[PDB]
Amino acid sequence: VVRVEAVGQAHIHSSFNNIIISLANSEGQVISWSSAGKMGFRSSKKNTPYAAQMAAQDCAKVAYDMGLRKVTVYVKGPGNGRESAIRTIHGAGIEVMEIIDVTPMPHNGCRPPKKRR
RNA sequence: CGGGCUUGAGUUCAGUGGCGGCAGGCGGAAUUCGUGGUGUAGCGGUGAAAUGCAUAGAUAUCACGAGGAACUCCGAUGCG
């Protein structure tokens with residue numbers, strides 16, 4: 001039981017190891033999602049623009065045939081491929097409205113986990 | 001030993017300044033846990049992997065709730 005009428009929000013959660021693209025309606029209810037690991041890029045190449053393009057194309061094709069036409073992009077986390085995903089969901093029928101970087105930064109919060117040697 | 005002086009020293013008055021100390025209040029970002037909604041094939045991690053968590057419903061996303069800790073930019077100087 002979902003209902004996405006005309007416009008929605010795309011969420012990209014990237015990191016140094018993987019990228020997850022998830023499209024949702026105005027109430028943040030996900031209708032489709034994809035990732036490099038889902039596409040089958042289990043390697044160091046999970047953080048590749050090609051993998052991001054493949055995942056974004058799959059997600060956009062899966063979600064376009066549901067009434068989704070316009071989307072607003074939110075991006076969290078670093079990593080190559082966010083631009084590729086944005087371009088792919090822009091060119092796969094879905095029209096982008098704005099690009100918003102919601103990457104969370106701390107105002108000196110909790111302690112980071114040590115340092116690798 | 002006795003007397004004198006104002007430069008040392010101290011007291012007063014004024015100006016200016018500070019992450020200087022102790023104590024009480026208040027705040028936002030982030031993180032963790034629980035509850036509910038959407039959704040399903042993976043997430044996480046490495047030089048590469050596995051252990052680990054997941055169809056008895058994870059990662060992701062939205063809302064409600066709870067608690068602890070530290071204070072981005074200013075910001076390299078200043079105080080003791």
# chains A, B, ... in the order shown; residues from 1 in each chain; ligands from 1
$ closest_atom_pairs --of "chain A" --to "chain B" --cutoff "12 Å" --atoms "only C-alpha atoms (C1' of nucleotides)" --output "Markdown table"
| residue | atom | partner | partner_atom | distance |
| --- | --- | --- | --- | --- |
| A:1 | CA | B:38 | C1' | 8.4 |
| A:2 | CA | B:38 | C1' | 7.1 |
| A:3 | CA | B:38 | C1' | 9.8 |
| A:4 | CA | B:38 | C1' | 10.9 |
| A:9 | CA | B:61 | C1' | 9.9 |
| A:10 | CA | B:61 | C1' | 9.8 |
| A:11 | CA | B:61 | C1' | 8.0 |
| A:12 | CA | B:60 | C1' | 9.2 |
| A:13 | CA | B:60 | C1' | 7.9 |
| A:14 | CA | B:60 | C1' | 11.0 |
| A:15 | CA | B:44 | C1' | 11.4 |
| A:16 | CA | B:45 | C1' | 10.9 |
| A:17 | CA | B:45 | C1' | 8.5 |
| A:18 | CA | B:43 | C1' | 9.7 |
| A:19 | CA | B:60 | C1' | 10.5 |
| A:20 | CA | B:60 | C1' | 7.3 |
| A:21 | CA | B:60 | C1' | 8.2 |
| A:22 | CA | B:60 | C1' | 6.9 |
| A:23 | CA | B:61 | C1' | 8.8 |
| A:24 | CA | B:61 | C1' | 7.7 |
| A:25 | CA | B:38 | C1' | 9.2 |
| A:26 | CA | B:62 | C1' | 9.3 |
| A:27 | CA | B:62 | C1' | 6.1 |
| A:28 | CA | B:62 | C1' | 4.9 |
| A:29 | CA | B:38 | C1' | 3.9 |
| A:30 | CA | B:38 | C1' | 5.2 |
| A:31 | CA | B:39 | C1' | 6.3 |
| A:32 | CA | B:39 | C1' | 7.2 |
| A:33 | CA | B:60 | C1' | 8.1 |
| A:34 | CA | B:60 | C1' | 9.6 |
| A:35 | CA | B:42 | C1' | 9.3 |
| A:36 | CA | B:42 | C1' | 10.5 |
| A:37 | CA | B:42 | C1' | 7.4 |
| A:38 | CA | B:42 | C1' | 6.9 |
| A:39 | CA | B:41 | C1' | 10.6 |
| A:40 | CA | B:42 | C1' | 10.6 |
| A:42 | CA | B:42 | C1' | 11.3 |
| A:43 | CA | B:48 | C1' | 8.9 |
| A:44 | CA | B:46 | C1' | 9.1 |
| A:74 | CA | B:61 | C1' | 11.4 |
| A:76 | CA | B:60 | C1' | 11.7 |
| A:103 | CA | B:30 | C1' | 11.1 |
| A:104 | CA | B:30 | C1' | 7.3 |
| A:105 | CA | B:30 | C1' | 6.6 |
| A:106 | CA | B:30 | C1' | 4.4 |
| A:107 | CA | B:72 | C1' | 4.2 |
| A:108 | CA | B:71 | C1' | 5.6 |
| A:109 | CA | B:70 | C1' | 4.6 |
| A:110 | CA | B:70 | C1' | 5.9 |
| A:111 | CA | B:70 | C1' | 8.0 |
| A:112 | CA | B:31 | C1' | 10.0 |
$ residues_around --residues "residue 67 in chain A" --least-positions-apart "4" --cutoff "10 Å" --atoms "only C-alpha atoms (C1' of nucleotides)" --output "list in words"
residues 3, 4, 5, 6, 7, 8 and 63 of chain A
$ select_by_dssp --residues "range 7-79 of chain A" --states "helix (DSSP H, G or I)" --output "short mmCIF file (atom, residue, chain, number, x, y, z; two decimals) with N, CA and C atoms, in the first residue's frame"
data_model
loop_
_atom_site.label_atom_id
_atom_site.label_comp_id
_atom_site.auth_asym_id
_atom_site.auth_seq_id
_atom_site.Cartn_x
_atom_site.Cartn_y
_atom_site.Cartn_z
N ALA A 36 25.26 -0.69 -5.59
CA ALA A 36 26.30 -1.37 -6.35
C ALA A 36 26.37 -2.85 -5.98
N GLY A 37 26.20 -3.16 -4.70
CA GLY A 37 26.18 -4.56 -4.29
C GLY A 37 25.01 -5.32 -4.86
N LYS A 38 23.85 -4.67 -4.97
CA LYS A 38 22.72 -5.29 -5.65
C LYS A 38 23.02 -5.51 -7.13
N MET A 39 23.62 -4.51 -7.78
CA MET A 39 24.00 -4.65 -9.18
C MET A 39 25.07 -5.71 -9.38
N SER A 44 36.39 -3.73 -4.86
CA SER A 44 36.72 -2.34 -4.61
C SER A 44 36.02 -1.39 -5.57
N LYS A 45 35.48 -1.92 -6.68
CA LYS A 45 34.79 -1.12 -7.68
C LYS A 45 33.35 -0.80 -7.30
N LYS A 46 32.96 -1.02 -6.04
CA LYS A 46 31.62 -0.65 -5.60
C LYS A 46 31.44 0.86 -5.50
N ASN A 47 32.53 1.61 -5.43
CA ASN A 47 32.50 3.07 -5.31
C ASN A 47 32.91 3.74 -6.62
N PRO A 49 31.91 5.32 -10.53
CA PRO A 49 30.82 6.00 -11.26
C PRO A 49 30.04 5.08 -12.18
N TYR A 50 30.68 4.07 -12.77
CA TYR A 50 29.95 3.12 -13.61
C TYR A 50 28.94 2.33 -12.79
N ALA A 51 29.35 1.85 -11.61
CA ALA A 51 28.42 1.14 -10.74
C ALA A 51 27.29 2.04 -10.28
N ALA A 52 27.61 3.30 -9.95
CA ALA A 52 26.57 4.24 -9.56
C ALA A 52 25.59 4.48 -10.70
N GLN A 53 26.09 4.60 -11.93
CA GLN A 53 25.22 4.78 -13.08
C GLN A 53 24.31 3.58 -13.28
N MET A 54 24.86 2.37 -13.14
CA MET A 54 24.05 1.17 -13.30
C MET A 54 22.95 1.11 -12.25
N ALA A 55 23.31 1.36 -10.99
CA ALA A 55 22.32 1.31 -9.91
C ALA A 55 21.25 2.37 -10.09
N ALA A 56 21.65 3.59 -10.46
CA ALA A 56 20.69 4.67 -10.66
C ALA A 56 19.76 4.37 -11.83
N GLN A 57 20.30 3.81 -12.92
CA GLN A 57 19.46 3.45 -14.05
C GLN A 57 18.44 2.39 -13.67
N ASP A 58 18.88 1.36 -12.94
CA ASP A 58 17.95 0.32 -12.52
C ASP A 58 16.85 0.88 -11.62
N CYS A 59 17.24 1.71 -10.64
CA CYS A 59 16.25 2.27 -9.72
C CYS A 59 15.28 3.19 -10.45
N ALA A 60 15.79 4.03 -11.35
CA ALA A 60 14.92 4.96 -12.07
C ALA A 60 13.96 4.22 -12.99
N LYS A 61 14.43 3.18 -13.67
CA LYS A 61 13.53 2.40 -14.52
C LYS A 61 12.47 1.69 -13.68
N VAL A 62 12.85 1.17 -12.52
CA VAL A 62 11.89 0.47 -11.68
C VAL A 62 10.84 1.44 -11.14
N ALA A 63 11.24 2.67 -10.84
CA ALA A 63 10.33 3.61 -10.19
C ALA A 63 9.56 4.50 -11.15
N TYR A 64 9.99 4.62 -12.41
CA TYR A 64 9.32 5.52 -13.34
C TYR A 64 7.90 5.06 -13.64
#
$ atom_distance --atom1 "CA of residue 116 in chain A" --atom2 "CA of residue 81 in chain A"
25.3 Å
$ select_by_dssp --residues "chain A" --states "strand (DSSP E or B)" --output "number ranges by chain"
A: 7-14, 19-24, 30-35, 70-76, 95-101
$ write_last_selection --atoms "C-alpha atoms" --output "short mmCIF file (atom, residue, chain, number, x, y, z; two decimals), in the first residue's frame"
data_model
loop_
_atom_site.label_atom_id
_atom_site.label_comp_id
_atom_site.auth_asym_id
_atom_site.auth_seq_id
_atom_site.Cartn_x
_atom_site.Cartn_y
_atom_site.Cartn_z
CA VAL A 7 6.80 14.27 -7.23
CA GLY A 8 9.14 12.74 -4.71
CA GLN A 9 12.56 12.70 -3.10
CA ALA A 10 15.63 10.72 -4.14
CA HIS A 11 18.12 9.89 -1.39
CA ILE A 12 21.74 8.97 -2.08
CA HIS A 13 23.73 7.49 0.81
CA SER A 14 27.35 7.15 -0.28
CA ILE A 19 26.48 3.76 -2.60
CA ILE A 20 22.74 3.27 -2.02
CA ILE A 21 20.12 5.11 -4.09
CA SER A 22 16.54 5.08 -2.81
CA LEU A 23 13.56 6.93 -4.30
CA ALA A 24 10.52 7.80 -2.20
CA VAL A 30 10.62 4.18 -0.36
CA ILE A 31 9.16 2.81 -3.57
CA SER A 32 12.40 1.55 -5.17
CA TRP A 33 16.05 1.19 -4.22
CA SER A 34 19.30 -0.06 -5.71
CA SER A 35 22.99 -0.26 -4.89
CA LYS A 70 9.76 14.93 -10.67
CA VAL A 71 12.25 14.38 -7.86
CA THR A 72 14.41 16.37 -5.46
CA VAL A 73 17.88 14.99 -4.75
CA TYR A 74 19.39 14.61 -1.27
CA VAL A 75 23.02 13.47 -0.90
CA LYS A 76 24.71 12.16 2.25
CA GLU A 95 13.23 15.43 -13.79
CA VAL A 96 15.40 16.87 -11.03
CA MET A 97 14.22 19.94 -9.11
CA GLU A 98 17.21 20.78 -6.89
CA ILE A 99 20.38 19.19 -5.54
CA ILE A 100 20.73 19.26 -1.74
CA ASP A 101 23.79 18.02 0.16
#
$ atom_distance --atom1 "CA of residue 85 in chain A" --atom2 "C1' of residue 49 in chain B"
28.2 Å
